[PDB]
Amino acid sequence: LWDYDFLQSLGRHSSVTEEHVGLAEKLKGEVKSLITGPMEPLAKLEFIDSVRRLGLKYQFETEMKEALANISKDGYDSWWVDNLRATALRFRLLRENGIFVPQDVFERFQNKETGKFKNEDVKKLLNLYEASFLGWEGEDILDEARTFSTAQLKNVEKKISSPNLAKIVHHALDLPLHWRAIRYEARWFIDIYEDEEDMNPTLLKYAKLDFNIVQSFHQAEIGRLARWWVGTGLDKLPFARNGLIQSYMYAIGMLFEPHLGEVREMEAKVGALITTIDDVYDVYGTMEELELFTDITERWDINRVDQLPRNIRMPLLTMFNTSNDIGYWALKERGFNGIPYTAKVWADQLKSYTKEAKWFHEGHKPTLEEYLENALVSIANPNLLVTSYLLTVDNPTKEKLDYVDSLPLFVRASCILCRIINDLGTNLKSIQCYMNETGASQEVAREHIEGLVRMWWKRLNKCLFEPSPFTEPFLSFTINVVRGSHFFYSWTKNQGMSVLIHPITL
């Protein structure tokens, strides 16, 4: 079911019913009451985390913020100061929602003489581990929590007693919740939450209902994109097999909400173009042919597409036509001609590809810093984020678009993260560049690269608390694209059927 005839078919028959929407809106009001209803503070924290874990955060963002704000009041601070499980859980949720909590909050639990956590509970270890990924640079206490809890959970996993709990452990060790793509995890979590003892039936049922309703929107989107892809004719080309569906899966990680379907579809279209144009430069095109493709894009002039061969001219024209349509959409819906920006990100995209082509053909071995300045662009994420900004920013202007295209720290941090995350999972790449600069071993070099991921994430985390020109949903896209990269890096086919095709049985 990587076959396009199947995909084009989607959107014809939807599983959801008029009854399900009414029940969903009934359940939604009840969950809002529960989110806002009185509750013990630690219990509220698990429920709110459970709501976020299920992917319902978009539905109850405001109720969640009031609830956390109210828990941060001067009255009754006694319940979480003494025990680490509440202190860790409270620290993460407050930080995730914009309420600052200092790292010194964990000093009580730390041993003063040793400086390491008192060896003196699995959930206690788990909450500490997840919370450590919400840390900023220089918050050394959190770094200690990270290394300690990882080592303890790996040791404790062998003696794990509960089967549902045992799964939860292995999953957290694979990727912390902070780094997991929201839509894919919600599907996984629905099965895990259900079996959890203290599980709430009303929330689970609403979570199941909401997951199914959102999936139908995805199915229609997949159908249009599939029909659009065959229409381009790139589907019959040798490169980018199943390129559209993989690219769509990436857009799901960045944004999954139905109200952003038009933006998501345009993003999926660009990714499919991104995958295919990448292959033309990496494999099919000859270097003499590629300079023309890049030059045509820099000029945004198609007079010589005839000179280029068909197996290359069609992707170039699909990219030319697709950027103009997306730019036009901005002019139609947003009152702003977006063609200069889509052309610019496509121009730099190829220029970035050519530079990598230059290094591999000249036997160059770049330094990690040298390699990353280009690789952050070639992963193409500047193109995807700037495009996402154009289609969603309120009252767009030349001034706003130029700033985002300049790659400020918040956007740039996300871009650098994706290139390194992609490298770790799969010319010489980022591990080899490190190996050439230091001669280090494959595992140690790999260990250092894993370190950069954590550093940039800290930078990404601190940026969310700083004043910024960006607002939702661009802020979420920047964090979410990084989570999506973690998700993609065979096995991707299994996640697709589970999230996009198969409905949750009721």
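Residues numbered from 1 in each chain as written, not as in the entry; some residues may be left out. Heavy atoms only, no water. Residues with missing side-chain atoms left out of burial classes, pairs and counts.

Structure determination for this entry is recorded as X-ray crystallography, at 3.10 Å resolution.

A.B. asks: Explain the overall build of the protein chain to me, please; I cannot follow it from the model alone.
C.D. replies: The helix and strand inventory of the protein chain stands at 24 helices and 0 strands. For the protein chain, whose C-alpha radius of gyration is 24 Å, the value lies close to the compact-globule estimate of 23 Å for 506 residues. Projected onto the principal axes, the alpha-carbon positions of the protein chain cover approximately 75 × 60 × 45 Å. (Helix = DSSP H or I, 4+ residues; strand = E, 2+ residues; numbered from the N terminus. Rg over C-alpha atoms; globule rule 2.2 N^0.38 Å.)

A.B. asks: Looking at this structure, I do not really get the UniProt feature "binding site: Mg(2+)" (unreviewed entry) in the protein chain. What am I missing?
C.D. replies: Following the UniProt record, the feature "binding site: Mg(2+)" (unreviewed entry) maps to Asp278, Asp282 and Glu356 here. These residues run over 79 residues, yet every pair of their C-alpha atoms falls within 11.2 Å of each other. Inspection of the secondary structure assignment puts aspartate 278 in helix 13 (residues 261–284). Within the secondary structure layout, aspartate 282 lies in helix 13. (UniProt positions renumbered as here; feature names shortened; annotations may be inferred.)

A.B. asks: Quick question: what am I supposed to make of the nonpolar core here?
C.D. replies: One recurring pattern in soluble globular proteins is that nonpolar side chains are buried together. The biggest cluster of nonpolar side chains holds 172 residues, and the ones touching the most others in it are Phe106, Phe293 and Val411. For this core, the leading source of residues is helix 11 (residues 201–232), giving 13 residues. Those residues in contact with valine 411 that lie beyond four places of it in its chain are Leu385, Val404, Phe470, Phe474 and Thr478. (Core = buried A, V, L, I, M, F, W, Y, C linked by side-chain atoms within 4.5 Å. Buried < 20%, exposed > 50% of the residue type's maximum accessible area, 1.4 Å probe, protein only. Contact = heavy atoms within 4.5 Å.)

A.B. asks: Teacher, can you tell me more about unusual backbone geometry here?
C.D. replies: For residues that are not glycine, phi is negative in most cases, and the peptide bond is trans in most cases. Omega for the peptide link from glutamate 472 to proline 473 comes to 0°, which places this bond in the cis form. Within the secondary structure, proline 473 sits in the loop between helix 22 (442–465) and helix 23 (474–488). A positive phi angle, close to 55°, is found at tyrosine 76, a residue other than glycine. Summarising the element assignment, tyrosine 76 is placed in the loop between helix 4 (61–71) and helix 5 (78–81). A residue is classified by how much of its surface remains accessible, and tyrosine 76, at 54% relative accessible area, is exposed. Positive phi is not limited to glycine here, since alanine 380 has a value of about 85°. Structurally, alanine 380 can be placed in the loop between helix 17 (368–378) and helix 18 (381–392).

A.B. asks: What is the right way to look at the environment of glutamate 221 in this model?
C.D. replies: Along the chain, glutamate 221 falls in helix 11. What makes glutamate 221 buried here is its relative accessible area of 2%. Taking the C-alpha atoms as reference points, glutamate 221 and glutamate 265, 44 residues apart in sequence, are found 6.6 Å from one another. Not counting residues up to four positions away in its chain, the partners in contact with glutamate 221 are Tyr248, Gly261, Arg264 and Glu265.

A.B. asks: What should I look at first to understand helix 6 (residues 84–96) in this one?
C.D. replies: In an α-helix, one full turn covers 3.6 residues, which means residues spaced three or four apart are oriented alike. Over its 13 residues, helix 6 runs 18 Å from end to end, which matches the ideal 18 Å to within 8%, given 1.5 Å per residue. A large share of helix 6 lies buried, amounting to 13 of its 13 residues. Immediately downstream of helix 6, the backbone of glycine 98 shows phi near 85°, a positive value. (Expected span 1.5 Å × (residues − 1).)

A.B. asks: Could you clarify how one ought to interpret the pattern of salt bridges in this entry?
C.D. replies: When the charged atoms of two side chains lie near each other, side chains of opposite charge can form a pair. For the structure shown, the criterion picks out 24 salt bridges. Here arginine 92 ties to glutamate 96 by a salt bridge, and the two come within 3.1 Å at their closest N and O atoms. You can see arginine 92 and its partner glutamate 96 sitting in helix 6, 4 residues apart, about one turn around the helix. Residue classification places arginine 92 among the buried positions, given a relative accessible area of 5%. Ionic pairing is found between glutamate 333 and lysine 332, a salt bridge with its closest N-O pair at 2.8 Å. Look at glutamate 333 and you get partly exposed, because its relative accessible area is 40%. Of the residues examined, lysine 332 reaches a relative accessible area of 57% and is grouped as exposed. Residues joined by salt bridges that share partners form a network here, namely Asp49, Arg52, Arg92 and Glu96. (Salt bridge = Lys/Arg side-chain N within 4 Å of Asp/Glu carboxyl O.)

A.B. asks: Can you help me understand the domain arrangement of the protein chain in this one?
C.D. replies: Assigned domains within the protein chain: domain 1 (17–213) and domain 2 (214–506). Taken together, the 33 residues of domain 1 in the interface contact 31 residues of domain 2. Ranking the residues of domain 1 by area buried against domain 2 places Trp136, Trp179 and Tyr184 at the top, with a combined share of 27%. Inspection of the region where domain 1 meets domain 2 yields 2 salt bridges. Residue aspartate 143 is joined to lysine 458 by a salt bridge in which the shortest nitrogen-to-oxygen separation is 3.2 Å. Where domain 1 touches domain 2, the interface holds 16 residue pairs in polar contact. Of all the secondary structure elements, the ones that give two or more residues to the side of domain 1 that touches domain 2 are helix 6, helix 8 (140–158), helix 10 (182–195) and helix 11. For the side of domain 1 that touches domain 2, the residue count by class is 16 nonpolar, 6 polar and 11 charged. (Domains from an automatic or database assignment. Buried area = accessible area lost by both parts, 1.4 Å probe. Polar contact = N/O pair within 3.5 Å; in protein donor to acceptor, adjacent residues only side chain to side chain. Nonpolar A, V, L, I, M, F, W, Y, C, P; charged D, E, K, R; others polar.)

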